[PDB]
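Participant: Here is my input; please provide its structure:
(8 chains, ligands or ions: 9)
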Amino acid sequence: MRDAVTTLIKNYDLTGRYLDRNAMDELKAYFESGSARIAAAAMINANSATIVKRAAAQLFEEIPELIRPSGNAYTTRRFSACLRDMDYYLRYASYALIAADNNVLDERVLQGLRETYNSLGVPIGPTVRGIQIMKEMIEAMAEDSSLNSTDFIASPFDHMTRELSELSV
Amino acid sequence: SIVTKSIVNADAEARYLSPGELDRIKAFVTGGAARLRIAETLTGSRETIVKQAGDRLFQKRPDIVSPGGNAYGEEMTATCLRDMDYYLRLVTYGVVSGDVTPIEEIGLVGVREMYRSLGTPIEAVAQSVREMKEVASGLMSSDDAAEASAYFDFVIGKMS
Amino acid sequence: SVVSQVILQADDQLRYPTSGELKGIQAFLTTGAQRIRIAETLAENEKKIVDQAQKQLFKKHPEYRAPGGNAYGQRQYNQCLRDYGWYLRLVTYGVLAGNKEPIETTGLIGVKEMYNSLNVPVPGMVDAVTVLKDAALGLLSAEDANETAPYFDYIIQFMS
Amino acid sequence: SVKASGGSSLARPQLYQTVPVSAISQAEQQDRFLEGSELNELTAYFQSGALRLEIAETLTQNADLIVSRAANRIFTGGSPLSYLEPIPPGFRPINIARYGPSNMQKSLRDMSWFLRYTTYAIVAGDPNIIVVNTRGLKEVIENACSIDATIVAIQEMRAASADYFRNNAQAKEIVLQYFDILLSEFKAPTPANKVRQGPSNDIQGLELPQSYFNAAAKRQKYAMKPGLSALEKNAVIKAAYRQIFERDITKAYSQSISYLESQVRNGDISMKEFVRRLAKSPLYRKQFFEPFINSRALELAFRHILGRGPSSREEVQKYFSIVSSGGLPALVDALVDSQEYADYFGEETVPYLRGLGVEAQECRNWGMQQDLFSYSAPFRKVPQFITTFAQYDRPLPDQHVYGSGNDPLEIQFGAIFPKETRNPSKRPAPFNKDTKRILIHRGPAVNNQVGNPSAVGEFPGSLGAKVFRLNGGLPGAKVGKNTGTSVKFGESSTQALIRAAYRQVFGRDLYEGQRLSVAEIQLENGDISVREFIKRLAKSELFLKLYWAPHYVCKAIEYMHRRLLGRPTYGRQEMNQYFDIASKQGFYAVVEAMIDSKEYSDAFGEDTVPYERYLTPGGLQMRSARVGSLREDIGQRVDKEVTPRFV
Amino acid sequence: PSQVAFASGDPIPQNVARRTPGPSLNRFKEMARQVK
Amino acid sequence: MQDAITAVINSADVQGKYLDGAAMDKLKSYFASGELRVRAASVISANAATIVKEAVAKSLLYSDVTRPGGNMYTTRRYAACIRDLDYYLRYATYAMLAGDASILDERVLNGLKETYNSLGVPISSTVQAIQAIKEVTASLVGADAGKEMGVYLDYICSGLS
Amino acid sequence: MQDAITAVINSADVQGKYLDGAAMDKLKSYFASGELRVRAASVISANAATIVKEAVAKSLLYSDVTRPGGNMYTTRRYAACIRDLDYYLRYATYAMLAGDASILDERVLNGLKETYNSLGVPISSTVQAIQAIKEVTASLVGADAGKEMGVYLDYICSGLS
Amino acid sequence: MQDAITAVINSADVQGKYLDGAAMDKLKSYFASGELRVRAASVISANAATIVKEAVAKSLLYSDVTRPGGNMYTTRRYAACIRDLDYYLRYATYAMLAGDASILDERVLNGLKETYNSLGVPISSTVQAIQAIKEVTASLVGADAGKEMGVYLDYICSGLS
Ligand SMILES: *[C@@H](C)[C@H]1/C(=C/c2[nH]c(/C=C3N=C(/C=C4\NC(=O)C(CC)=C4C)C(C)=C\3CCC(=O)O)c(CCC(=O)O)c2C)NC(=O)[C@@H]1C
Ligand SMILES: *[C@@H](C)[C@H]1/C(=C/c2[nH]c(/C=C3N=C(/C=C4\NC(=O)C(CC)=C4C)C(C)=C\3CCC(=O)O)c(CCC(=O)O)c2C)NC(=O)[C@@H]1C
Ligand SMILES: *[C@H](C)[C@H]1/C(=C/c2[nH]c(/C=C3N=C(/C=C4\NC(=O)C(CC)=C4C)C(C)=C\3CCC(=O)O)c(CCC(=O)O)c2C)NC(=O)[C@@H]1C
Ligand SMILES: *[C@H](C)[C@H]1/C(=C/c2[nH]c(/C=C3N=C(/C=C4\NC(=O)C(CC)=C4C)C(C)=C\3CCC(=O)O)c(CCC(=O)O)c2C)NC(=O)[C@@H]1C
Ligand SMILES: *[C@H](C)[C@H]1/C(=C/c2[nH]c(/C=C3N=C(/C=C4\NC(=O)C(CC)=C4C)C(C)=C\3CCC(=O)O)c(CCC(=O)O)c2C)NC(=O)[C@@H]1C
Ligand SMILES: *[C@H](C)[C@H]1/C(=C/c2[nH]c(/C=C3N=C(/C=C4\NC(=O)C(CC)=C4C)C(C)=C\3CCC(=O)O)c(CCC(=O)O)c2C)NC(=O)[C@@H]1C
Ligand SMILES: *[C@H](C)[C@H]1/C(=C/c2[nH]c(/C=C3N=C(/C=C4\NC(=O)C(CC)=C4C)C(C)=C\3CCC(=O)O)c(CCC(=O)O)c2C)NC(=O)[C@@H]1C
Ligand SMILES: *[C@H](C)[C@H]1/C(=C/c2[nH]c(/C=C3N=C(/C=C4\NC(=O)C(CC)=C4C)C(C)=C\3CCC(=O)O)c(CCC(=O)O)c2C)NC(=O)[C@@H]1C
Ligand SMILES: *[C@H](C)[C@H]1/C(=C/c2[nH]c(/C=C3N=C(/C=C4\NC(=O)C(CC)=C4C)C(C)=C\3CCC(=O)O)c(CCC(=O)O)c2C)NC(=O)[C@@H]1C
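Facilitator: Residues are numbered from 1 along each chain as shown, chains lettered A, B, ... in the order given. Ligands and ions are numbered 1, 2, ... in the order given. Take a look at the structure below.
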């Protein structure tokens, strides 16, 4: 696990350089945005269950075949597992928001996600769609809430979209 | 990092971030400006700290500098000053991160095995960082000195 | 307490508390004057909070007071306000200590199968905490509310 | 994208338990033939199964009538069956128009699917399919559907199925109890999720719903209690041998430590202490420590004691430091005296393999643990955990796009490929389409076509392979040497070219009855060029038999490209091209495409015999990282040896 | 005795239906109804 | 693993329809066979030690495999092959009573090729050994039940080859 | 463990009542003296190796216990006592930080008293060693925090005896 | 693993013939060199950390690897490299005592190239480090036993490549 601070340390440690003007400015940018990052994390901690359920309800209306037969969200067992997965992605994005780094998103989520989903027969397309629906649900709620910075919210979910999804082009 | 420690603790229980952790990150964020002040003074005076505490080491412990010692010779003395420059850089990473995790992972895990292989007394390296603590403390304010010393003292404990 | 969480984490790695860990304690001990202030304004003003929370719950959920409910008897209805009084009591313990641990051990750890064996809906009690939260923070001042808010939100998380 | 892949072995989750499944797997886990018990489980089921067919057949046919009589009773204000896809607690009949069409379509299909799962339950003979799919359903349906209306709907169906059937008390009670389970599971609120807490900071915490661990076949858990009769005590010890040694070795070879068996049977040492002593025993040491590397023996020790694979990179790093310090005993001691071991198994319970179904799984070491739980794990001697974990942080490795197995050894002759089955060393890596592999040029480093594409037809000047060209005049080209001239000097040069042209297509020199004599003399007469001659030798039936037919399709394509062009394929773009030709046109056209390629024409003319131009970094390492051939200034600090000043 | 033949005898053919467009293409099904 | 019944229900659940006709026909053929499939299994279970005895005698014994240089020479290797043919008999019994070779897929042929190639076990010699079991079981139990065992024992044989 | 802050909470939890002014006064005392506890912990943490040595040399070294016949003679047993005193100081620091001696009741004096009787470890010599720890830590940190530290080290002394 | 005694037994066992005079001479050669092997093992065991000390100084120190960006910059990496050379020296002595390179192809090399590739460890550098060990070991013990040690250290270098 690595945050924005640890990533910058590791970058300068590799070269064996002291923290320069560019290094101090990037840290100062993190510390000024940090107050907004905790406040964004306080928002999603409040509405953890409500967002997951509503984003799923939007997903199964977009792609109805999931909750239909031969779908991988048909049964209660599958429905509970999918909402659990939707809970996972929101929880690890929650960690990624404060960290301001997608290393936590890589290490513990994305690293062996494709291998697992290909094994059980879990779709990878509707998954990243469900993550993107969650993103739009956070951003709209963050726009509604008194938050100055909301641009950093898109970052972890887009990284979740970029890494997991198949390379079309 | 403190942020690293807070998330990892939260993830292990799988419960999101607790209000107790969120308060500690908030304390880290607010104290980040003070952390950058201490780091800037350490990175700014990196040439002076190593030179002063290095000279302090060679006066207090002349045995390492004396023939038969580990740091005897122009090249070996330069390597010792390079080592002190490495540990001061590790301190600046620590101050910035808030904790002593970067100091651990890079240059504290297996120092005893390293300096045994080189034939360096570990108590003498413990002296050099302790002298680096005293020089750095006598450049910044009392609150800044007490904050920085906590990172230095952790190195001392891992050394000896 | 956040004091306990640090010394648990230190003992787990078999070491003393670190620089960033000790500062996390230092931050809490200073803001302890505010922590005391949370207790009095909730304990003495319990009767207003509990009555507002219950009247908003049974309005939004007219099922338990309705035939084939859960709290139909007057001895059963007192037990719903008993839980409300106990949860706000647990909130105060959590804030004062600084973490979720007091709320965790007493009224969160194995709380689902608690009400499952009493036919009390957990999705019904997740809406009970929200109205208790809304009533509490309304009486509290602006800066005081934001401190007490994430403690309530954690209870919501663990329920449903 | 991810830079490393652990593998994606097929996962088979048990969606629901049946009576045959419950009976067979019970003795399978015990490693026994089905005894008088488990046979009687089937015997009673197979006899009742004929009746269970009659239950479903009636319910499948009259399925339309049951759901019609249900919906009419529950929903009021019109007809609910317009758009078909006893104890009231206090329900209110829901309006059709008020509920909305979208909600009504859900309501109708669920009522049919409840009855459909009831019919499957009788046929299966186990209400497991009900228990799983009904337990955590009350909560999720509460939001936009009334619970009071559902209970009376099932209770209506209970009466509806009872009156329609009504055969015998030995027959109808099966219908009654399965419906009775259905309503009770639906009345039951959603249970708490199984929380897999992380043992340390390195490992993430997980959660699994109380539904996934209700069907996925519970692992038989054996606990040594001191009072047990010695038959089930033997069953505990046999299971303990089946965990540590992967198999019952006491049955197989009569390899057993009775010294340890006696102490546990009494209760002198616990099962925790037994596992400790059995994993530091010479019996385990010979089998799961001696044949394996320190890293792999560690990975095996994880599944034997903790019953899982190493979860994180930091965990492998920690436990490898232990096995380096004190060895096997210290490793075993660290594994048994862990916070995880005493939480899962405690002191009395035998360790068990916790996989896909037993607990929540992490998306990190999926395929690494899948191959580990297999009985073919102690044959994979290449570590799977520490390799993948390190490759995760690093970028994409020096590897063929279709895996490490697709790479041949860089040798003079013989297509030698790592077998998937023989010694599992499969290293998957997520390679995308436009991924060019960095290749080391045999000649000058400046003469690489990646940086200097103009210098593609530049000959390696005593740096790489020798270039063979038909520069000299072929014998009997012009009618200058009339009739005679027995000593025509330009004859040995073209014959040496032929042999080298044979050596390029087929790494080795061929036998007497293998040389294409027709193609040789046409080149010697000057009827065909070298380009045509190389093509003919690669279009030969011998090349098909020796390199194409015995090998995997893409392995055969890769090796052919390394022979005809003297270059490994850059990535997917080239490999997919020749693989598309291999599918549609065949082997001969793949040969044709590789010769008639522009890059072939640029590197080698009409007279130029192909040669090794580019190597893989792994291939050059095999050549120039041995004891000899390796220079002093490769990866070593060079000190200038000067005579001292006193000398 | 020849009742035991389940997998050894003649296999029972199973009806697997062709997969049809689902409610994701309800937009296009509406369009196909108006394209007449 | 999956048996025949769950495979029928799974195919019905994927299509999302009731067990109409074709699904019922495979079920009724399974339940009718079940009584004799239990009887065959019980005989195989009781004669498990004796079936192997004759099978090794027909195929493996008095051959180059048992002779020095072979893979069934050393006593440890002998007892391992005895255990292996005991596994093949048991998992063919399992698949008989399941009515599906899915147990042979996930528990036998998950990495039977992975273990045998790594150790250096002859495939042809193992195939002949299982073929010897097939003939012994057909002579001991019956020609009808032997063919019922035969389809699963040939599945391992084709699974190795 | 049960901290001094959580001590009044758990006492109110058993009573089932809210924290009164007669209970919060002890909490106010912990909030006031908390900054003293952190600095005391920071000094001990840094000088962890030195406190032990200054105590062992004062009490244990050049005595009958370190000489042949004693329990602290062999290097194996010498390293054990050094390890013990390292754990003794570390857990006393925890109790000093938490403000309560519950961690000494849970994670120290659980079965430590009975193990020492089993091996034949002298109780009087161990008490003297902890008393030697007490005097060193008071000289290093101060009289203000060292007297407070001395209470928890007395709890170990009273626990062993 | 196999030693020189077990190797010639197994070679006779696979053929299924008794140990003849030519096979007996292989044993007699080992029993002649056995005194040289035991004495060599005692020297290396004594200077186990000392041999590595000189080897790292000759090859690895003051190079690219130790400098920031290299594979021996961090103290964890450096300590692991010492640990790796401590492994190589210990197993080379095992193979020397055994008189066969069976343990090296079992516990040292079989799945080492794959790990070293994955971690990003330079094989070209570590080979030179083992060659640095080879020169130190031969100088300390002797020319007779250092050549014997040399073979097994070269065996590791060959397996790594
Ligand atoms: C006198 C010794 C007893 C006896 C022996 C007997 N043995 C067999 C069959 C076999 N015996 C072995 C044993 C070994 N072969 C090996 O390679 C080793 C390890 C070095 C041993 C110990 C084996 C494997 C066979 C099979 C023979 C083959 O090569 O295929 C028989 C024949 C059994 C049969 O009926 O076929 C016999 C008779 N018989 C007695 O009653 C004596 C007490
Ligand atoms: C007769 C069958 C042939 C033969 C067999 C043989 N097998 C082994 C070793 C192993 N056999 C297995 C296979 C399984 N174990 C399982 O758990 C399962 C699934 C239920 C099977 C099928 C395994 C894993 C091993 C290795 C572990 C062990 O020792 O038991 C050997 C020994 C090989 C060796 O030298 O170690 C042999 C000889 N070989 C023949 O010669 C026959 C043709
Ligand atoms: C209310 C009178 C009726 C009703 C309405 C309703 N159903 C859904 C959708 C779902 N139905 C299920 C239930 C099942 N899953 C199973 O495994 C089984 C077999 C035992 C059943 C019957 C589930 C999981 C869903 C959600 C998936 C989907 O979208 O289809 C809804 C939508 C829920 C929402 O508001 O998001 C509604 C309103 N279902 C009943 O039980 C009554 C008959
Ligand atoms: C919902 C968005 C989609 C969906 C989900 C689904 N997933 C599984 C199976 C598993 N899910 C995981 C994956 C993870 N566990 C982790 O640790 C992480 C990283 C935080 C993830 C994302 C795993 C390990 C499993 C298998 C075991 C388990 O449940 O823990 C299922 C179950 C499949 C089945 O039927 O067996 C489902 C339903 N499926 C969809 O169709 C949605 C688009
Ligand atoms: C000075 C405080 C003391 C001292 C120093 C000394 N060190 C060496 C040798 C090395 N020091 C290191 C250690 C590090 N380099 C790193 O990158 C890190 C992590 C940040 C550390 C801690 C290394 C690797 C070397 C080897 C040199 C190289 O880079 O290759 C020496 C030389 C020893 C010799 O004779 O070879 C010396 C003198 N010694 C003292 O006496 C002082 C107390
Ligand atoms: C003879 C001493 C023993 C023997 C030899 C044998 N070799 C093969 C086949 C091959 N030989 C090689 C090896 C090499 N490739 C190289 O690059 C070099 C160095 C220049 C060599 C020596 C290769 C690659 C093969 C594979 C086929 C080919 O010829 O390209 C065989 C045939 C194996 C087969 O089954 O095809 C044999 C028998 N084996 C013995 O029995 C002798 C003791
Ligand atoms: C200079 C910064 C340092 C250095 C460089 C160096 N490189 C080589 C040899 C090669 N370099 C590459 C690498 C690449 N080719 C690619 O396609 C890419 C990606 C765009 C790169 C970066 C290759 C393939 C080679 C091998 C020869 C070839 O060109 O095919 C050498 C020569 C090594 C030799 O012994 O032959 C050198 C010296 N080394 C230093 O000293 C600098 C720090
Ligand atoms: C002389 C070679 C070096 C040296 C010696 C030295 N040792 C001590 C301290 C002690 N030595 C021991 C250790 C042992 N007692 C045992 O039972 C064994 C194993 C059989 C040994 C080796 C002990 C217990 C002590 C404590 C003294 C006591 O009697 O209580 C000292 C004194 C340290 C001090 O200043 O207090 C000394 C000087 N030191 C050197 O410099 C030499 C290289
Ligand atoms: C020193 C000569 C060079 C070097 C070594 C180096 N190794 C590691 C880490 C590991 N070492 C191994 C290898 C082995 N596992 C085995 O089973 C055996 C045979 C008994 C060995 C020798 C493995 C698997 C690891 C991983 C464990 C770990 O994480 O420490 C490192 C650390 C690299 C890292 O931090 O990722 C290093 C540096 N590399 C060099 O730079 C030297 C030239």
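Participant: Which stretches in chain D count as strands?
Facilitator: D:75-76, D:94-95, D:194-196, D:206-208, D:440-441, D:468-469, D:608-609, D:614-615 (DSSP state E).
Participant: Need those in CSV (columns: distance to ligand 9).
Facilitator: Every C-beta, even on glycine, is put in place using the N, C-alpha and C of the backbone. Output for the strands of chain D, formatted as CSV (distance: least, CB to the nearest ligand atom, whole Å):
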stretch, distance to ligand 9
strand D:75-76, 65
strand D:94-95, 62
strand D:194-196, 25
strand D:206-208, 24
strand D:440-441, 21
strand D:468-469, 41
strand D:608-609, 41
strand D:614-615, 23
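Participant: Would you format those strands as TSV with distance to residue C:32 and mean neighbour count included?
Facilitator: Converted to TSV, those look like this (distance: least, CB to CB, whole Å; neighbours: other CB atoms under 10 Å in any protein chain shown):
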stretch	distance to residue C:32	mean neighbour count
strand D:75-76	60	16
strand D:94-95	55	16
strand D:194-196	32	16
strand D:206-208	34	20
strand D:440-441	66	18
strand D:468-469	87	18
strand D:608-609	85	23
strand D:614-615	68	22
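Participant: Out of the ones you listed, the one nearest chain G is which?
Facilitator: strand D:194-196 (22.4 Å; CB to the nearest CB).
Participant: what residues does that closest one touch?
Facilitator: Residues external to strand D:194-196 that are found in contact with it (CB atoms under 8 Å, 6 or more residues apart in numbering or on different chains): B:13-14, D:205-210, D:213, D:359-360.
Participant: Can you say which of the strands of chain D is nearest to ligand 6?
Facilitator: strand D:614-615 (14.3 Å; CB to the nearest ligand atom).
Participant: So in that sheet, which strands flank that closest one, and in what orientation?
Facilitator: The strands beside strand D:614-615 in its sheet (DSSP bridges) come out as strand D:440-441 (antiparallel).
Participant: which residue ranges form the helices in chain F?
Facilitator: F:4-15, F:22-46, F:48-59, F:75-98, F:102-106, F:112-119, F:123-140, F:143-160 (DSSP state H).
Participant: How many residues are close by residue A:169?
Facilitator: 4 (other CB atoms under 10 Å in any protein chain shown).
Participant: again, but for residue D:643
Facilitator: Neighbours around residue D:643, by other CB under 10 Å: 6.
Participant: State the distance from it to ligand 2.
Facilitator: 59 Å (CB to the nearest ligand atom, to the nearest Å).
Participant: and that residue, how far is that from chain A?
Facilitator: The spacing between residue D:643 and chain A, counted by CB to the nearest CB, to the nearest Å, is 35 Å.
Participant: Could you do residue D:252 as well?
Facilitator: 31 Å.
Participant: next SSE after the longest helix seen in chain C?
Facilitator: Counting by DSSP H, the longest helix found in chain C is helix C:74-97. Along the chain past helix C:74-97, the next helix or strand (assigned with DSSP states H and E) turns out to be helix C:101-107.
Participant: Close to chain F: what parts of chain E are there?
Facilitator: E:1-8, E:12-17 (CB under 8 Å from any CB of the partner chain).
Participant: would TSV of the residues you listed with neighbour count, distance to ligand 2 and secondary structure be doable?
Facilitator: Shown next, in TSV, are these (neighbours: other CB atoms under 10 Å in any protein chain shown; distance: CB to the nearest ligand atom, whole Å; DSSP: H, G, I helix; E, B strand; the rest coil):
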residue	neighbour count	distance to ligand 2	secondary structure
E:1	9	30	coil
E:2	13	31	coil
E:3	14	30	coil
E:4	26	25	coil
E:5	18	27	coil
E:6	23	24	coil
E:7	24	21	coil
E:8	19	23	coil
E:12	16	29	coil
E:13	9	32	coil
E:14	14	30	coil
E:15	12	35	coil
E:16	10	32	coil
E:17	9	37	coil
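Participant: quick check, nearest of those residues to residue D:75?
Facilitator: residue E:17 (29.9 Å; CB to CB).
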